[PDB]
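Structure data follow from work-v6.txt (compact mmCIF, C-alpha atoms and all ligand atoms):
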# COMPACT_ATOMS: atom_id res chain seq x y z
CA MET A 1 106.80 87.42 64.83
CA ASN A 2 107.90 83.82 65.40
CA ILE A 3 106.25 80.50 66.25
CA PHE A 4 106.22 81.26 69.99
CA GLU A 5 104.49 84.63 69.56
CA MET A 6 102.05 83.14 67.03
CA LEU A 7 100.98 80.26 69.25
CA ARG A 8 100.88 82.48 72.35
CA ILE A 9 98.31 84.62 70.52
CA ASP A 10 96.32 81.57 69.39
CA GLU A 11 96.40 79.73 72.74
CA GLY A 12 96.48 82.47 75.38
CA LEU A 13 97.96 81.95 78.84
CA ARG A 14 96.12 80.45 81.81
CA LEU A 15 97.84 79.36 85.02
CA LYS A 16 95.03 77.10 86.32
CA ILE A 17 93.57 73.99 84.68
CA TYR A 18 91.01 74.90 82.01
CA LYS A 19 89.21 73.14 79.18
CA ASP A 20 90.16 73.47 75.52
CA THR A 21 87.62 73.97 72.74
CA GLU A 22 86.96 70.21 72.68
CA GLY A 23 86.33 70.08 76.43
CA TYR A 24 89.66 68.49 77.41
CA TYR A 25 91.66 69.50 80.49
CA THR A 26 94.52 71.83 79.53
CA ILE A 27 96.83 74.32 81.24
CA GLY A 28 99.29 77.07 80.41
CA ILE A 29 99.72 78.01 76.74
CA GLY A 30 97.51 75.25 75.36
CA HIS A 31 99.20 72.27 77.05
CA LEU A 32 96.81 69.31 76.84
CA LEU A 33 96.80 67.31 80.07
CA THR A 34 94.38 64.47 79.34
CA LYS A 35 91.35 63.50 77.30
CA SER A 36 89.95 61.69 80.34
CA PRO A 37 86.89 63.29 82.00
CA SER A 38 88.62 62.90 85.40
CA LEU A 39 90.02 66.11 86.88
CA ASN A 40 92.16 63.95 89.17
CA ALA A 41 93.69 62.30 86.10
CA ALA A 42 94.46 65.77 84.73
CA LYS A 43 96.04 66.86 88.03
CA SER A 44 98.20 63.72 88.05
CA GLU A 45 99.41 64.48 84.52
CA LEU A 46 100.17 68.06 85.56
CA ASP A 47 102.25 67.03 88.59
CA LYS A 48 104.21 64.58 86.43
CA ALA A 49 104.81 67.26 83.77
CA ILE A 50 105.99 69.92 86.25
CA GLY A 51 107.77 67.69 88.77
CA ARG A 52 105.95 68.88 91.91
CA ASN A 53 102.50 68.74 93.49
CA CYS A 54 100.72 71.63 91.77
CA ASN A 55 97.06 71.37 92.87
CA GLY A 56 96.07 72.35 89.31
CA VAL A 57 98.02 75.65 89.34
CA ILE A 58 101.37 76.58 87.78
CA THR A 59 103.58 79.65 87.50
CA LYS A 60 104.17 81.69 84.35
CA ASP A 61 107.74 80.36 84.17
CA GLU A 62 106.41 76.79 84.30
CA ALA A 63 103.80 77.53 81.62
CA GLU A 64 106.51 78.99 79.38
CA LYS A 65 108.80 76.00 79.91
CA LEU A 66 106.02 73.54 79.06
CA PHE A 67 105.28 75.66 75.99
CA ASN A 68 108.90 75.50 74.80
CA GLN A 69 108.84 71.71 75.22
CA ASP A 70 105.55 71.46 73.32
CA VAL A 71 106.74 73.60 70.39
CA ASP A 72 109.95 71.57 70.18
CA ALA A 73 107.94 68.32 70.25
CA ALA A 74 105.83 69.57 67.33
CA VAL A 75 108.96 70.40 65.31
CA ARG A 76 110.51 67.02 66.13
CA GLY A 77 107.32 65.26 65.08
CA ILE A 78 107.42 67.02 61.72
CA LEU A 79 111.09 66.20 61.16
CA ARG A 80 110.60 62.50 62.00
CA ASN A 81 107.54 62.08 59.75
CA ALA A 82 108.14 60.94 56.17
CA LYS A 83 105.05 62.75 54.86
CA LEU A 84 105.51 66.02 56.77
CA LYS A 85 109.27 66.58 56.53
CA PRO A 86 109.56 67.05 52.73
CA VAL A 87 106.70 69.56 52.76
CA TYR A 88 108.11 71.40 55.77
CA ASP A 89 111.55 71.62 54.16
CA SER A 90 109.99 73.10 51.00
CA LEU A 91 108.40 76.02 52.90
CA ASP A 92 109.73 79.46 53.77
CA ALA A 93 110.14 80.41 57.43
CA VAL A 94 106.75 82.07 57.90
CA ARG A 95 104.83 79.18 56.36
CA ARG A 96 106.86 76.73 58.48
CA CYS A 97 105.36 78.50 61.49
CA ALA A 98 101.87 77.80 60.14
CA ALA A 99 102.82 74.13 59.77
CA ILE A 100 104.11 73.92 63.36
CA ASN A 101 100.94 75.67 64.53
CA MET A 102 98.74 72.96 62.97
CA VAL A 103 100.86 70.14 64.43
CA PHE A 104 100.75 71.81 67.85
CA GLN A 105 96.95 71.95 67.69
CA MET A 106 96.14 68.57 66.07
CA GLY A 107 99.26 66.41 66.42
CA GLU A 108 101.60 64.98 63.82
CA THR A 109 99.41 61.99 62.89
CA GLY A 110 96.36 64.18 62.31
CA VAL A 111 98.21 66.73 60.19
CA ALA A 112 99.98 63.98 58.23
CA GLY A 113 96.53 62.87 57.07
CA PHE A 114 95.96 66.20 55.25
CA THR A 115 97.40 64.54 52.16
CA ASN A 116 95.91 66.74 49.43
CA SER A 117 96.59 69.99 51.31
CA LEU A 118 100.20 68.92 51.89
CA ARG A 119 100.68 68.25 48.17
CA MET A 120 99.25 71.65 47.23
CA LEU A 121 101.54 73.34 49.79
CA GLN A 122 104.60 71.51 48.47
CA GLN A 123 103.59 72.61 44.96
CA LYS A 124 103.27 76.21 46.23
CA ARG A 125 99.65 76.38 45.04
CA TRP A 126 98.78 78.73 47.87
CA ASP A 127 95.22 79.74 46.96
CA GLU A 128 94.19 76.16 46.23
CA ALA A 129 95.83 74.95 49.44
CA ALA A 130 93.92 77.60 51.39
CA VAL A 131 90.59 76.48 49.89
CA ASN A 132 91.39 72.83 50.60
CA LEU A 133 92.52 73.48 54.20
CA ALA A 134 89.16 75.11 54.99
CA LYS A 135 87.28 71.94 53.96
CA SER A 136 87.96 70.41 57.35
CA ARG A 137 86.51 69.78 60.78
CA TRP A 138 89.45 71.91 61.98
CA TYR A 139 88.23 75.00 60.13
CA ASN A 140 84.58 74.46 61.06
CA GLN A 141 85.27 74.00 64.77
CA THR A 142 87.93 76.73 65.26
CA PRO A 143 87.30 79.04 62.28
CA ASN A 144 89.00 82.20 63.51
CA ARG A 145 92.22 80.41 64.43
CA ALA A 146 92.11 78.30 61.27
CA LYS A 147 91.56 81.44 59.18
CA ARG A 148 94.68 83.02 60.68
CA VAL A 149 96.77 79.92 60.01
CA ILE A 150 95.36 79.57 56.48
CA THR A 151 96.02 83.24 55.72
CA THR A 152 99.62 82.65 56.84
CA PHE A 153 99.92 79.75 54.37
CA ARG A 154 98.16 81.75 51.64
CA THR A 155 100.29 84.90 51.90
CA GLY A 156 103.54 83.93 53.62
CA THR A 157 103.13 87.04 55.80
CA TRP A 158 102.19 87.74 59.41
CA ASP A 159 99.23 89.90 58.29
CA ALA A 160 96.62 87.81 60.12
CA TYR A 161 98.49 88.22 63.43
CA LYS A 162 99.17 91.96 63.10
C1 LIG A 201 98.39 70.25 55.92
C2 LIG A 201 98.80 71.42 56.37
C3 LIG A 201 99.96 71.48 57.34
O1 LIG A 201 101.12 71.75 56.61
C4 LIG A 201 102.26 71.12 57.11
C5 LIG A 201 102.27 70.50 58.34
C6 LIG A 201 103.43 69.90 58.80
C7 LIG A 201 104.57 69.93 58.01
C8 LIG A 201 104.56 70.56 56.78
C9 LIG A 201 103.40 71.15 56.33
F1 LIG A 201 103.34 71.78 55.13
Please, can you express the file's structure as structure tokens?
Amino acid sequence: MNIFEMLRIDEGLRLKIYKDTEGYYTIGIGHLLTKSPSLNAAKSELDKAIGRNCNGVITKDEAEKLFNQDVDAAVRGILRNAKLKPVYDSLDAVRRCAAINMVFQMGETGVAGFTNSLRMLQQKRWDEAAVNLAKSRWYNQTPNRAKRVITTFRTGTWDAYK
């Protein structure tokens, strides 16, 4: 297991424009296109992202390339953020995957606001961090995915994904 396999499980793969759990137009392995209600706006974002006129449909290779870009962007956002980087650098490799997963789903600004959870994680207070992480809109709205991520932070294993 690695961050790509973990997020591929959590996000799935769809080659045509779909809606995420919040109702926003998305494609591929969880690539957000726009928060606008306009499908045309989403299609315009897609064509810009891929570099051709896609008509709302991409190939598996294109989905995987977008996914690589999106994972890298999440990592870069962690490493550029003064609140996230010290916590990330304190974690082992498996827990770093859980951190990237959260930033992929909610963005660096949103995750950087999880101030108390971040402190507990940096202190390696795993059970307390897990309890605190579940006291969130994130957990209530996507509980099965949040439970897998939280279990990864709690245990430092891939048990929730096996
Ligand atoms: C608040 C939970 C997410 O945890 C992290 C996210 C990004 C970087 C480091 C982390 F520990």
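Around residue A:118, within 10 Å and counting all atoms listed in the file, the residues found are residues 83, 84, 86, 87, 88, 99, 111, 112, 113, 123, 124, 129, 132 and 133 of chain A, once anything fewer than 5 positions away on its own chain is removed.
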At a cut-off of 9 Å and counting only C-alpha atoms and all ligand atoms, what residues surround ligand LIG 201 (chain A)? Please answer as a tab-separated table (two decimals) with C-alpha atoms, keeping the file's coordinate frame.
chain	number	residue	atom	x	y	z
A	74	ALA	CA	105.83	69.57	67.33
A	75	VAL	CA	108.96	70.40	65.31
A	77	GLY	CA	107.32	65.26	65.08
A	78	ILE	CA	107.42	67.02	61.72
A	79	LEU	CA	111.09	66.20	61.16
A	81	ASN	CA	107.54	62.08	59.75
A	83	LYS	CA	105.05	62.75	54.86
A	84	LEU	CA	105.51	66.02	56.77
A	85	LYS	CA	109.27	66.58	56.53
A	86	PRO	CA	109.56	67.05	52.73
A	87	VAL	CA	106.70	69.56	52.76
A	88	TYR	CA	108.11	71.40	55.77
A	89	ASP	CA	111.55	71.62	54.16
A	90	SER	CA	109.99	73.10	51.00
A	91	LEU	CA	108.40	76.02	52.90
A	95	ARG	CA	104.83	79.18	56.36
A	96	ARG	CA	106.86	76.73	58.48
A	98	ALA	CA	101.87	77.80	60.14
A	99	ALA	CA	102.82	74.13	59.77
A	100	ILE	CA	104.11	73.92	63.36
A	101	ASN	CA	100.94	75.67	64.53
A	102	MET	CA	98.74	72.96	62.97
A	103	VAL	CA	100.86	70.14	64.43
A	108	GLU	CA	101.60	64.98	63.82
A	111	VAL	CA	98.21	66.73	60.19
A	112	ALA	CA	99.98	63.98	58.23
A	113	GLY	CA	96.53	62.87	57.07
A	114	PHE	CA	95.96	66.20	55.25
A	115	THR	CA	97.40	64.54	52.16
A	116	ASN	CA	95.91	66.74	49.43
A	117	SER	CA	96.59	69.99	51.31
A	118	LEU	CA	100.20	68.92	51.89
A	119	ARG	CA	100.68	68.25	48.17
A	120	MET	CA	99.25	71.65	47.23
A	121	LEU	CA	101.54	73.34	49.79
A	122	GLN	CA	104.60	71.51	48.47
A	129	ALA	CA	95.83	74.95	49.44
A	133	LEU	CA	92.52	73.48	54.20
A	150	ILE	CA	95.36	79.57	56.48
A	153	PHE	CA	99.92	79.75	54.37
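Closest approach to residue A:17 among A:1, A:107, A:92, A:47 is made by A:47 (distances from all atoms listed in the file).
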*Identify, on the basis of only C-alpha atoms, every residue whose closest approach to stretch 33-40 of chain A does not exceed 6 Å; exclude the query and any residue fewer than 6 positions from it along the same chain; express the result as JSON, numbers by chain.*
{"A": [24, 25, 26]}
Please dump the current selection as a compact mmCIF listing (two decimals), in the coordinates of the input; keep C-alpha atoms.
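The file below, part.txt, is the result:
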# COMPACT_ATOMS: atom_id res chain seq x y z
CA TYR A 24 89.66 68.49 77.41
CA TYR A 25 91.66 69.50 80.49
CA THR A 26 94.52 71.83 79.53
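When atom CA of residue A:139 is paired with atom CA of residue A:5, their separation reads 21.1 Å.
Picture a line from atom CA of residue A:143 to atom CA of residue A:131; it runs 13.1 Å.
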*State, in Å with one decimal place, the distance from atom CA of residue A:138 to atom CA of residue A:154.*
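Going from atom CA of residue A:138 over to atom CA of residue A:154 covers 16.7 Å.
Distance check against residue A:147 using only C-alpha atoms: of A:11, A:159, A:72, A:61, the minimum falls on A:159.
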*Closest to residue A:152 among A:94, A:29, A:110, A:14, using only C-alpha atoms?*
A:94
*asked:* I'd like the contact shell of residue A:161 - 8 Å cut-off, only C-alpha atoms, skipping same-chain residues fewer than 5 positions apart - returned as a list in words.
replied: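 My reading of the contact set: residues 6, 9 and 148 of chain A.
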_residue A:13 surroundings by only C-alpha atoms, 8 Å radius, close-in-sequence under 3 positions cut, as JSON, numbers by chain_ = {"A": [8, 28, 29, 30, 63]}
Output as JSON the centre and edge lengths (Å, one decimal) of the box along x, y and z of the file that holds every listed atom of stretch 132-138 of chain A after adding 6 Å on each side.
{"center_x": 89.5, "center_y": 72.4, "center_z": 56.3, "size_x": 18.0, "size_y": 17.3, "size_z": 23.4}
Write stretch 108-124 of chain A as an mmCIF file, in the frame of the given file, completed to N, CA and C atoms.
data_model
loop_
_atom_site.group_PDB
_atom_site.id
_atom_site.type_symbol
_atom_site.label_atom_id
_atom_site.label_comp_id
_atom_site.auth_asym_id
_atom_site.auth_seq_id
_atom_site.Cartn_x
_atom_site.Cartn_y
_atom_site.Cartn_z
ATOM 1 N N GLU A 108 100.932 65.318 65.067
ATOM 2 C CA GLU A 108 101.600 64.980 63.820
ATOM 3 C C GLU A 108 100.797 63.977 62.991
ATOM 4 N N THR A 109 100.185 62.979 63.636
ATOM 5 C CA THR A 109 99.410 61.990 62.890
ATOM 6 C C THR A 109 98.229 62.652 62.184
ATOM 7 N N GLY A 110 97.504 63.512 62.904
ATOM 8 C CA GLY A 110 96.360 64.180 62.310
ATOM 9 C C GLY A 110 96.741 65.045 61.126
ATOM 10 N N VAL A 111 97.793 65.853 61.285
ATOM 11 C CA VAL A 111 98.210 66.730 60.190
ATOM 12 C C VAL A 111 98.761 65.926 59.021
ATOM 13 N N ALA A 112 99.448 64.811 59.299
ATOM 14 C CA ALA A 112 99.980 63.980 58.230
ATOM 15 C C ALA A 112 98.886 63.381 57.361
ATOM 16 N N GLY A 113 97.653 63.318 57.869
ATOM 17 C CA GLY A 113 96.530 62.870 57.070
ATOM 18 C C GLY A 113 95.975 63.880 56.096
ATOM 19 N N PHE A 114 96.433 65.135 56.149
ATOM 20 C CA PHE A 114 95.960 66.200 55.250
ATOM 21 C C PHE A 114 96.671 66.099 53.896
ATOM 22 N N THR A 115 96.528 64.932 53.270
ATOM 23 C CA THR A 115 97.400 64.540 52.160
ATOM 24 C C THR A 115 97.292 65.510 50.981
ATOM 25 N N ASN A 116 96.070 65.870 50.594
ATOM 26 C CA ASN A 116 95.910 66.740 49.430
ATOM 27 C C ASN A 116 96.384 68.160 49.729
ATOM 28 N N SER A 117 96.112 68.663 50.938
ATOM 29 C CA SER A 117 96.590 69.990 51.310
ATOM 30 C C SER A 117 98.112 70.039 51.309
ATOM 31 N N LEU A 118 98.741 68.984 51.834
ATOM 32 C CA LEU A 118 100.200 68.920 51.890
ATOM 33 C C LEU A 118 100.794 68.958 50.489
ATOM 34 N N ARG A 119 100.184 68.237 49.545
ATOM 35 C CA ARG A 119 100.680 68.250 48.170
ATOM 36 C C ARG A 119 100.569 69.643 47.570
ATOM 37 N N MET A 120 99.418 70.300 47.756
ATOM 38 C CA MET A 120 99.250 71.650 47.230
ATOM 39 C C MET A 120 100.264 72.617 47.841
ATOM 40 N N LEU A 121 100.534 72.488 49.147
ATOM 41 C CA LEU A 121 101.540 73.340 49.790
ATOM 42 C C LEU A 121 102.928 73.084 49.225
ATOM 43 N N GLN A 122 103.293 71.815 49.042
ATOM 44 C CA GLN A 122 104.600 71.510 48.470
ATOM 45 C C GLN A 122 104.724 72.053 47.061
ATOM 46 N N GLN A 123 103.623 72.057 46.309
ATOM 47 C CA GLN A 123 103.590 72.610 44.960
ATOM 48 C C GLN A 123 103.478 74.123 44.939
ATOM 49 N N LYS A 124 103.371 74.760 46.109
ATOM 50 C CA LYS A 124 103.270 76.210 46.230
ATOM 51 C C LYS A 124 102.015 76.760 45.544
#
